[PDB]
Amino acid sequence: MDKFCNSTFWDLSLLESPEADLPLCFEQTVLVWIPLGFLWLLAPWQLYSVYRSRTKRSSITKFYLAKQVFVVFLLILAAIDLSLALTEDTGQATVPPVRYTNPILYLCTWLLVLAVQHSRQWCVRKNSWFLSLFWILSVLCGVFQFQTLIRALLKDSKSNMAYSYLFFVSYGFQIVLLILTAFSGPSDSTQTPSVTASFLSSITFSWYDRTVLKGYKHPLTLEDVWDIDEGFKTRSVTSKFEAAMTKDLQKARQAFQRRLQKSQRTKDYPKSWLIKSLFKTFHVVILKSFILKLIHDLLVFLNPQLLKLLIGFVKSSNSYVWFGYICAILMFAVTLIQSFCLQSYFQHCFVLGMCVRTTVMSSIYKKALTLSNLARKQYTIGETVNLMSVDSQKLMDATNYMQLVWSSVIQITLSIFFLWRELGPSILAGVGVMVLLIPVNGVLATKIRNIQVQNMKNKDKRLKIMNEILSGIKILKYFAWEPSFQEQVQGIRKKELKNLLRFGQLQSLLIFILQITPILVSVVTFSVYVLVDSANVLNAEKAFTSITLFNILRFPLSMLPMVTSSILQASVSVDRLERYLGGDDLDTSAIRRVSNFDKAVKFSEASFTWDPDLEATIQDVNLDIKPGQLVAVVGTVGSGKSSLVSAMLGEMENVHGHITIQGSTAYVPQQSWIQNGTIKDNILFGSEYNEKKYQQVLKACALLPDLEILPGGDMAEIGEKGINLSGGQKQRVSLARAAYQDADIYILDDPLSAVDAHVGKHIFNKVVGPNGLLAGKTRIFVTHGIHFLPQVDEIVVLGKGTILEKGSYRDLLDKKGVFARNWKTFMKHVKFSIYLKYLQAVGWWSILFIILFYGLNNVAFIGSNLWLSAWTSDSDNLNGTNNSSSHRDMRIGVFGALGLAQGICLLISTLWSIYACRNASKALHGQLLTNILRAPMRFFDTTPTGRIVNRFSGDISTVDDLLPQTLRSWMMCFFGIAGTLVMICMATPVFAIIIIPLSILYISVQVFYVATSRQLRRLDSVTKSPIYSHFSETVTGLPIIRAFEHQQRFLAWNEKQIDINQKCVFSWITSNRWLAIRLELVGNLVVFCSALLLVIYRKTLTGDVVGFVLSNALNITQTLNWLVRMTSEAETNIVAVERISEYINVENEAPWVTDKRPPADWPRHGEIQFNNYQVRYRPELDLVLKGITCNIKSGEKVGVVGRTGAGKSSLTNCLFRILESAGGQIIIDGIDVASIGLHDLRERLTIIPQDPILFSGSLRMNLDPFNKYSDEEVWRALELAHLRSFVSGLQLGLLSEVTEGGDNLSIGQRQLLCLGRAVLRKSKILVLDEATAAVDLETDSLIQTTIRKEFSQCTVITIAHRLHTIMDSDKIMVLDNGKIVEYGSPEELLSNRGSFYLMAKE
Ligand SMILES: CC(C)CCC[C@@H](C)[C@H]1CC[C@H]2[C@@H]3CC=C4C[C@@H](OC(=O)CCC(=O)O)CC[C@]4(C)[C@H]3CC[C@]12C
Ligand SMILES: CCCN(CCC)S(=O)(=O)c1ccc(C(=O)O)cc1
Ligand SMILES: CCCN(CCC)S(=O)(=O)c1ccc(C(=O)O)cc1
């Protein structure tokens, strides 16, 4: 052990000296076999694994050649070393055996290295963990020999120069080899760099650099985010989940069947298989993350020990200089290793969470396409979309939290043990305090969650009322109702503000508890430890290692209740998900899709039922249809024709009797379903584009005139936003899609509901007629009209869920029996300006005082640490300072006082912040709501309603929820950083200089991160939204998809969308880890520079200063990273204030009241005069009304029907001053609208909208929200509207609840209510507007009679497009191209040489 080197093996005497150097024998002994030992103990395994499983990949690039060249240079160097050693035999007496046995080992090990490097070419990771770790170990274990040789040669020791020079060259080449191994290999551009990067890069996430640079120069486009590897793509993980889930689902299903049969001898579903299956399918990543976290946790408790060693070294005045530096270097190395481990664990955990969300969403979709009818009925579209949107996120969060709920326990236990070893059994006081603080955290978390749910509900109701307000802003501005509809939502917002303030107070309390736990624990533990006994003393090692352990334990202590609460929530979410997935699949035994048969349709005594709990809807049926034969099944309402079609599709359950169907089928229902996108893609429906067939199906249907009518043309847009296509157009496009799909059989279910006579007849003749495009294709038609009955070739009559007889129209006219009576019954007819705006909303005094009080908190904290330093120092002297109860009591009291001052200052800061942010949100929403209203109608016409609704929902929610927390967190992080830096610089002022470059470095990283992160965030928001929406689109129209047999196409599309979102979210996760590695390196650099400065100045500052400098420099590693992430979040969610301020500054119309007031009756019950008028719908675009002048007398029923131009509809808009009059004005009995107010004039003028809309709520304020009319007057008003009967049958009174939809307040009721409102307005000027011919004639007759009998004395306008109801007008006005050429009564109009206008009487 010593004879083989001819030198001293171990000698601690050299170490125990100011200039210490390790013995050369041990140095060439152990520091040489350690890297070679690591290499030779694993090289066979790596070589075998690579050579056994390998492809034919092989290339020779610059890197492979360079690494091989340098390794053979190492080979040559070891060879010449051996040559020199053997030659020196005659130089000396007997060379030591080491001098000539090391070169042989180096030769063999470099041959092994050459083989390893060559073998790596087969694999895909060129520089894997083995080689990089070997190089790192070699460099680290050789730096000792390098320094020893250089130190020996330094002191003029001219001995064996050649060997030293050769070792220097070999070490330099090893350094360059490690440098090369760090670099990522050249890329094949067929895989994402995450899988082809070198081990050091994959550890340090430097392979992301390119993307970040790509984000800084130009905005990131969805094509610039690298794809994910095939491991995480939704198809692969979903297949793995299904494989590992089928067995568990079968076991749970059999157990559920056994339980049900035992109970019987709906709330029970096969459960407790989702968690088992997910764990079984992800156990590998679960284990990798668990081991990585365990290593990091065992590695996080080395920093306090190193700090204790450093304090002990500085305290001793005879300590060796060569120490201390070793402690600082070790602290840097441990922090680096721990940061690498932690970030890799985070990447593993987050990617596992994202994969869990992917597999759950994809399994949801795959189940939605085969769910049985009953299970589909048990849910709803909104609820199921919410399930996929929310429960999957809950499961992802639970996955992220499960790997941490155990690491927190390990960290707490180890930290408790180490605190015990430091401070004796007196840490139980700290244990008690910080355990009593845990149920408080749990309770606060639960209360916060409940208040958040209540806030969500209130925000939903506010969104609903806001959307209703914005949809019908037209009539709202017409009737001058803005103050009332503003006050209602103002009250709702006040209630939401109260709830939000409560939530903010609870969050502030929770964060105050988290921030004050370490201070309270420190005070209590130190006080109890000193007071419990006089023997034990508090020195700088115990106190500051204990503070470091308290800081280590603060987070996992406060992250237990949150994780627990989230786990108990995900429990219910998992139960819901596995209740959905466990529902049985739909049955296909009855409906057999036989490949080849006769007539393609056979009803083998089928008996289908909507619900087994009820009587069979249809039973004992028998019908066969020849191929190519049109069948028009008809019957009474509710007979079961729609039920018959559903049974044909197989969307219903049956008791007995199978149905045999052959060939492909197409189907169109009465309720047409339209996907999001283009009309073209709707028509193709995933089939190949064919211009000929496309043109044919446009010609066959009525779509070309509609397409030319459409604004966007063939592409245009439809769905979601769309253009609000009419029902007839939807039916037409669905019929066209069915025709294009060219199936063998067609199932038409009332596709001509909102279709006129001639157009529907043409469509039938050209599509489903004898000469239609589907002559060779059989069709089963459901119809209600009689025009198409003569064209049927096989008509079946359906009654009470049972067919009666078959036949054709010839049978109809021949039998004169059942068919005759049936037919007879049938036809009977950013920049700082935005931050300034938000802060000004907050209030400058409030932010000034918040900043001042947080600064006072940090000053108190620095004072507390200085006092602890002095308290620990007083033990070293022991020259009368101690051994007195007064001194110890004063120390304890002042320490407690400083802790209390810090606590109350921080609490005052946070409470003031909460109140200021609440006030700011209130003011911002008030301003935005006030200014959106009273805005001119042009702004509403241009901007879509969805845009303003999103501005009121999402941006206001951001401003009220995520902006205060982000700004407070930024201030917290920044003042933590400033306190720590000004407390490190208080000991060694030289450190101030190192702030100059470090900050610059930090700044650089931040900039790059921001310039990418924003974009990634945006990309996520752009791609997450479609998935959910598509799910709705594929779950509302499930019968259509099942009929067309296009299931796999929809499944593939959903998988594609999931992958497109997955790549964005994965790139975001990696960007977070990239920034975290960089900034944890910056914080670690801060702690290492501080430790080096403390060691250098060890002869000036005592050990207590080292303790309180390092114990806080160790806490800065994460604060920098979180400061940058909070800066990025503040930049991301400040755009809400930007948009709100953009919408506040919108233009406003004429003011409410312009000083001058009208008399008691502004209309003066008299005439009106139109002077020279020059008015356009929007300014300087195109004048509409030009060169018109007229005078309408009192009580005149003046009607105007000009032409098809917009000039017909302009007058009303010009009568309420909605359109500003550029030329002339309007005189009404000497009263000019120009020189008078606006809202007062609109309030006392009436108008019937052409498209009236309803306001949600009651019926009293939907009629008169101002409540300025007595209930008797309102009742009389409905009495002339004869709506008294409807409300009397409904909830009696004026305050009956009303809502949208046809359930309540049907179209006739709506028209009656509008007429009543108009007649009770009681203004002498009446303006009408009619645009729809679908209104019932009785309603028109009654409103005309009541107008003529009540409003005859009042002037009326009657803007009516129809001609058959205007001859009764007293006067008729005609306006052409914006000009009037005639004036007089209808008799005078027809007196002009005979029908000179409105000639067309039909
Ligand atoms: C992305 C989601 C998970 C939001 C995460 C919130 C964190 C980014 C915020 C919330 C609480 C903040 C922490 C709360 C307390 C502090 C104490 C601070 O150290 C001190 O100030 C000493 C204690 C004292 O001053 O009394 C270091 C920053 C830190 C960890 C803050 C860093 C940023 C945190 C973790
Ligand atoms: C929602 C997860 C909660 N966590 C558990 C992770 C295993 S977490 O520890 O608090 C954390 C850490 C780091 C980041 C980040 O870098 O964005 C986010 C969250
Ligand atoms: C949400 C905050 C996340 N951080 C805490 C900052 C105070 S963190 O630095 O990223 C971190 C650190 C350590 C552990 C662990 O030990 O499990 C987890 C997360």
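Being closer than 26 Å to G799 by Cβ, not aromatic (F, W, Y) and not in a loop (DSSP other than H, G, I, E, B) is the filter here, so list the residues in the range 655-671 that pass it. Lay out the reasoning, then the answer.
So the first thing to find is which residues in the range 655-671 are closer than 26 Å to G799 by Cβ, and the list is 655-661, 665, 667-671.
Add one more test, that the residue is not aromatic (F, W, Y), and what stays is 655-661, 665, 668-671.
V655, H656, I659, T660, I661, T665, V668, listed by residue number.
Considering only the range 572-584, I want to know if a residue exists there that is within 16 Å of ligand 2 (Cβ to nearest atom) and outside any loop (DSSP other than H, G, I, E, B). Can you show your working first?
Going residue by residue through the range 572-584, those that are within 16 Å of ligand 2 (Cβ to nearest atom) are 573.
So of that shortlist, the ones also outside any loop (DSSP other than H, G, I, E, B) come out as 573.
Checking the range 572-584: at least one residue is within 16 Å of ligand 2 (Cβ to nearest atom) and outside any loop (DSSP other than H, G, I, E, B).
Would you mind stating whether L531 is within 16 Å of ligand 1 (Cβ to nearest atom), assigned by TED's automatic domain parsing to the domain that holds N455 and surrounded by fewer than 18 Cβ atoms within 10 Å (Cβ to Cβ)? Give the derivation first.
On the way: within 16 Å of ligand 1 (Cβ to nearest atom): no; assigned by TED's automatic domain parsing to the domain that holds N455: yes; surrounded by fewer than 18 Cβ atoms within 10 Å (Cβ to Cβ): yes.
So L531 fails the test.
Of all the residues that make up the range 1077-1095, how many are surrounded by fewer than 22 Cβ atoms within 10 Å (Cβ to Cβ) and either of a type in the set (G, A, S) or more than 16 Å from ligand 2 (Cβ to nearest atom) (or both)?
6
If you go through the range 1104-1126 one residue at a time, how many are away from ligand 2 (no atom under 16 Å from the Cβ), part of a helix (DSSP H, G or I) and not hydroxyl-bearing (S, T, Y)?
We begin by selecting, within the range 1104-1126, every residue away from ligand 2 (no atom under 16 Å from the Cβ); these are 1104-1116.
After this cut, where a residue has to be part of a helix (DSSP H, G or I) as well, the list is 1104-1113.
The next check asks that each one be not hydroxyl-bearing (S, T, Y); those that pass are 1104-1110, 1112-1113.
The total comes to 9.
I'd like to know if the range 307-317 contains one or more residues that are more than 12 Å from ligand 3 (Cβ to nearest atom) and polar (S, T, N, Q).
Initially, the range 307-317 is screened for residues more than 12 Å from ligand 3 (Cβ to nearest atom), giving 307-317.
Remaining after also requiring polar (S, T, N, Q): 316-317.
Looking for residues that are more than 12 Å from ligand 3 (Cβ to nearest atom) and polar (S, T, N, Q), one finds at least one in the range 307-317, hence yes.
Given the criterion within 16 Å of ligand 1 (Cβ to nearest atom) and buried (at least 18 other Cβ atoms within 10 Å of the Cβ), identify the matching residue among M396, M402. If you could, list the steps in order and put the result at the bottom.
Working: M402 fails: within 16 Å of ligand 1 (Cβ to nearest atom).
Just one listed residue meets the conditions, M396.
Here is a check on your reading of the model: is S546 of a type in the set (G, A, S), assigned to a helix (DSSP H, G or I) and crowded, with 16+ Cβ neighbours inside 10 Å? Can you show your working first?
Working: of a type in the set (G, A, S): yes; assigned to a helix (DSSP H, G or I): yes; crowded, with 16+ Cβ neighbours inside 10 Å: yes.
Yes: the conditions hold for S546.
Within the range 1098-1109, can one find any residue that is within 16 Å of ligand 3 (Cβ to nearest atom) and β-branched (V, I, T)?
Keep residues of the range 1098-1109 that are within 16 Å of ligand 3 (Cβ to nearest atom), which gives none.
Among the residues of the range 1098-1109, not one is within 16 Å of ligand 3 (Cβ to nearest atom) and β-branched (V, I, T), which makes the answer no.
Could you tell me which of the residues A20, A66, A43 is over 51 Å from the mean Cα position of the chain (by Cα) and assigned by TED's automatic domain parsing to the domain that holds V169? Working first, answer last.
Working: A66 fails: over 51 Å from the mean Cα position of the chain (by Cα); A43 fails: over 51 Å from the mean Cα position of the chain (by Cα).
One residue alone meets the criteria, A20.
For the range 903-923, state whether one or more residues are within 30 Å of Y1177 (Cα to Cα) and of a type in the set (G, A, S).
Looking for residues that are within 30 Å of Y1177 (Cα to Cα) and of a type in the set (G, A, S), one finds none in the range 903-923, hence no.
Given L437, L414, which one is more than 27 Å from the chain's Cα centre (by Cα) and within 16 Å of ligand 1 (Cβ to nearest atom)?
Values: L414 fails: within 16 Å of ligand 1 (Cβ to nearest atom).
Of the residues listed, the single one that is more than 27 Å from the chain's Cα centre (by Cα) and within 16 Å of ligand 1 (Cβ to nearest atom) is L437.
Output yes when any residue across the range 1093-1103 is in a loop (DSSP other than H, G, I, E, B), on the phi > 0 side of the Ramachandran plot and not assigned by TED's automatic domain parsing to the domain that holds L684, and no when none is.
Our first condition is that a residue be in a loop (DSSP other than H, G, I, E, B); within the range 1093-1103, this holds for 1097-1102.
After this cut, where a residue has to be on the phi > 0 side of the Ramachandran plot as well, the list is none.
Looking for residues that are in a loop (DSSP other than H, G, I, E, B), on the phi > 0 side of the Ramachandran plot and not assigned by TED's automatic domain parsing to the domain that holds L684, one finds none in the range 1093-1103, hence no.
Within the range 701-723, is even one residue in contact with a strand residue (DSSP E or B) (Cβ under 6 Å, 6 or more places away or on another chain) and of a type in the set (A, V, I, L, M, F, W, C)?
no
When the residues of the range 732-748 are filtered to those that are charged (D, E, K, R) and farther than 16 Å from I718 by Cα, which remaining residue is farthest from the chain's Cα centre (by Cα)? Let's see the steps before the verdict.
Taking the range 732-748 first, the residues charged (D, E, K, R) are 732, 737, 742, 744.
Okay, now just the ones that are also farther than 16 Å from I718 by Cα, so 742, 744.
Details: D742: 40, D744: 44 Å.
Filtering the range 732-748 for residues that are charged (D, E, K, R) and farther than 16 Å from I718 by Cα, the one farthest from the chain's Cα centre (by Cα) comes out as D744.
Suppose we filter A739, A743, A757 for residues that are surrounded by 20 or more Cβ atoms within 10 Å (Cβ to Cβ) and farther than 30 Å from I1027 by Cβ; which single one remains?
On the way: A743 fails: farther than 30 Å from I1027 by Cβ; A757 fails: surrounded by 20 or more Cβ atoms within 10 Å (Cβ to Cβ).
Sole residue among the options that is surrounded by 20 or more Cβ atoms within 10 Å (Cβ to Cβ) and farther than 30 Å from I1027 by Cβ: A739.
Does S426 qualify as being more than 16 Å from ligand 2 (Cβ to nearest atom), in the same structural domain as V300 (by TED's automatic domain parsing), polar (S, T, N, Q) and within 26 Å of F301 (Cα to Cα)?
On the way: more than 16 Å from ligand 2 (Cβ to nearest atom): yes; in the same structural domain as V300 (by TED's automatic domain parsing): yes; polar (S, T, N, Q): yes; within 26 Å of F301 (Cα to Cα): yes.
In short, yes.
Looking for whichever is within 16 Å of ligand 1 (Cβ to nearest atom) and out of contact with any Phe, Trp or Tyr (no Cβ under 8 Å at 6 or more places or on another chain) here; the options are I847, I834, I851. Which one fits?
Details: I847 fails: within 16 Å of ligand 1 (Cβ to nearest atom); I834 fails: within 16 Å of ligand 1 (Cβ to nearest atom).
Just one listed residue meets the conditions, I851.
What's the total number of residues in the range 990-1028 that are out of contact with any helix residue (DSSP H, G or I) (no Cβ under 8 Å at 6 or more places or on another chain) and of a type outside the set (A, V, I, L, M, F, W, C)?
6
What are the pairs with Cβ atoms under 7 angstrom where one residue, in the range 340-354, is farther than 11 Å from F1066 by Cα and the other, located anywhere, is outside any helix (DSSP H, G or I) and near ligand 2 (Cβ under 9 Å from one of its atoms)? Sequence gap at least six, or different chains.
none
Rundown of residues vs (1) closer than 30 Å to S573 by Cβ; (2) buried (at least 20 other Cβ atoms within 10 Å of the Cβ), yes/no style:
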{"residue": "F279", "(1), (2)": "yes, no"}
{"residue": "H283", "(1), (2)": "yes, no"}
{"residue": "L299", "(1), (2)": "no, no"}
{"residue": "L307", "(1), (2)": "no, yes"}
{"residue": "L310", "(1), (2)": "no, yes"}
{"residue": "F313", "(1), (2)": "no, yes"}
{"residue": "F323", "(1), (2)": "no, no"}
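Going through the range 672-714 one residue at a time, which ones are among the aliphatic types (A, V, I, L, M) and part of a loop (DSSP other than H, G, I, E, B)? Please lay out each step first, then the result.
From the range 672-714, those among the aliphatic types (A, V, I, L, M) are 674, 679, 683-684, 697-698, 700, 702-704, 707, 709-710; that's our starting set.
Within the range 672-714, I674, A702, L703, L710 meet the criteria.
Basis: the model, the stated rules and, where named, an outside source; these are not laboratory values. Ideal geometry is used to build each Cβ from the backbone, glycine not excepted, and the neighbour counts take in all protein chains shown.
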